[PDB]
Amino acid sequence: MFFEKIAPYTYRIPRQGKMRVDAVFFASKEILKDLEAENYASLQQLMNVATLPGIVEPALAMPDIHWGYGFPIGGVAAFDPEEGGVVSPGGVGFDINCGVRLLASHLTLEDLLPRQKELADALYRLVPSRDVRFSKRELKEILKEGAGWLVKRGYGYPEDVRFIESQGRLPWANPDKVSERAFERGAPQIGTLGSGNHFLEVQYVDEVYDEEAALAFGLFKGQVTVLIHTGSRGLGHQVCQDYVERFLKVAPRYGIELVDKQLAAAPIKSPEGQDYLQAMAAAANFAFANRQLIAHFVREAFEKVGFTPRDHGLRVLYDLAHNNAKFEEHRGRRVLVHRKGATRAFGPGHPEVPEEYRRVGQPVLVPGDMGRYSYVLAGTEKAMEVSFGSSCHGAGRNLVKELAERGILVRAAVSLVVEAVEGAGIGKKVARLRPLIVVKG
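Numbers 1 to 129, 136 to 403, 418 to 433, 449 to 476, taken from the deposited numbering, label the letters of the sequence shown in order.
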């Protein structure tokens, strides 16, 4: 008995103990049952987040919330620099800007199926797990400029950048704050998916829920899409490690009390805070470039098997991060929003949303597990009010053997979450995507 319901699929944990503000989480009657069986562990983590300095009410968690490092996965936490706010690597997650890019083509399922094998083989061959390399000075510029650096040199279409969150460039990146180890560890990984839950999949739209948003996003049933899921690879992971320990060994000076050491944080305005933010931005820009490069190779794979540029017309529908901290305008102020396993989800009328989509809201890409359904949602006005314009990132909670039985070629080297999100009013359903080909890193 430590949280009341304030709206459909919306629960509040009133401020208690060390909490500086209330916490609010979105969930189903069914999801609550899941958390309850978990002793509410992830919620305790959400409550810990609320103990941090300068936090803006309320600390939040999405319907797919679960145990994480310090901050819970599925968490959103805004911090005000002017109020002595802090920045926490654990609030972003180790894979900085691990995210998703969705390409939308002119092809229909019927057009693709007969070349399904050729494409799978071309994708596995053209997408590293080949001979494209950059100099250290070049990848240094990449860390600062983002996806646009690659597009301007031919690794994409001119318009690609318009459909990437923040145009694929966080403004504060500074490679100087990125350790040598992080730099060398991720530098030769650009253009690769990586391991773990990273992949690329060719899919088709099997259901359309909002005709107006679908039209605006250029989506139609039977349409072929390609979803790319990957991040900053080893570079972002290292940057997180470098700063967590640096933040731990300087936490005394600042007097920041941590109920959980994994909540390691530093004042946003402190040298250490500023450095991490600059290095994190560099890692994010690297992740943006990585997805941009992969998209370039995807286009090369379609063409290699016979689909000309005008046949496939593979355009970037959208590209957004699932782990990131960004400075944004909320409540008339500039605040730093930590999102770990949650997405930015701006709504109708927002200047940061491409004009093409401005009337319906920002696309929200919700990948499922490999070989599972993916969804496309749209950001809402309500989210701008109640979740710092944030939405969910996930759809769920013998490996490849059963994938070949559901009609899915693999190349290796009803969502309750979406239901809760739409029910809470922070993510309008637009479409569902079914996988045909899965390429793992």
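Cβ atoms here follow ideal geometry from the backbone N, Cα and C, with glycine treated the same way.
The shortest CA-to-CA distance from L199 to any of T236, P470, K183 is the one to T236. Take the alpha-carbon of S276 and the one of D34: they are about 39 Å apart.
Distance between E454 and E362, taken at the CA atoms: about 26 Å. Membership of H318 in any beta strand (DSSP E) is not indicated; the residue belongs instead to the alpha helix (DSSP H) covering 315-318. For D64, the secondary structure class from DSSP, reduced to helix, strand or coil, is strand.
Here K255 carries a coil assignment [DSSP, helix/strand/coil]. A50 and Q116 have their C-alpha atoms spaced approximately 49 Å apart. If you compare the alpha carbons of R139, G84, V382, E218 with that of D212, the shortest gap goes to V382. A Cβ-Cβ separation of about 5 Å places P89 in contact with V250 under the 8 Å criterion. The beta carbons of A348 and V184 sit no closer together than 9 Å. The beta strand (DSSP E) runs of length 3 or more contained entirely in the stretch 294-337 are, from start to end of the chain, 321-327, 329-336. By the CB criterion at 9 Å, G242 and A289 fall inside the cutoff. In this structure, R345 lies near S396, with their beta-carbon atoms less than 9 Å apart.
Taking 3 residues as the shortest admissible run, the stretch 148-214 contains the following complete beta strand (DSSP E) segments, listed from N- to C-terminal end: 205-214. Residue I472 holds the alpha-carbon nearest to the alpha-carbon of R378 among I472, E334, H336, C398. Taking all protein chains shown into account, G99 has 16 or more neighbouring C-beta atoms within 10 Å of its C-beta and is therefore buried. For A7, the enclosing beta strand (DSSP E) starts and ends at 4-7. Shown here for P58: same chain residues with a beta carbon closer than 6 Å to its own, the five before and five after excluded, namely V21, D22, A23, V24 in chain order. Non-local C-beta neighbours of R12 in its own chain, meaning closer than 7 Å and more than five positions away in sequence, comprise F3, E4, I6, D22, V24, ordered along the chain. For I73, the enclosing beta strand (DSSP E) stretches over residues 73-79. Under the three-pair Cβ rule at 8 Å, the stretch 140-149 does not count as touching the stretch 330-343. Taking each of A293, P194, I55, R339 in turn and checking the Cα distance to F94, the smallest one comes out for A293. Counting the other Cβ atoms within 10 Å of the Cβ of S42 gives 16 or more, which makes it buried.
Per the DSSP secondary-structure output, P273 pairs in a beta bridge with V86.
In this structure, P369 sits near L326, with a CB-CB distance shorter than 9 Å.
Relative to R337, the option among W67, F79, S450 whose CA is nearest is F79. Here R467 is bridged, per DSSP, to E213, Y381.
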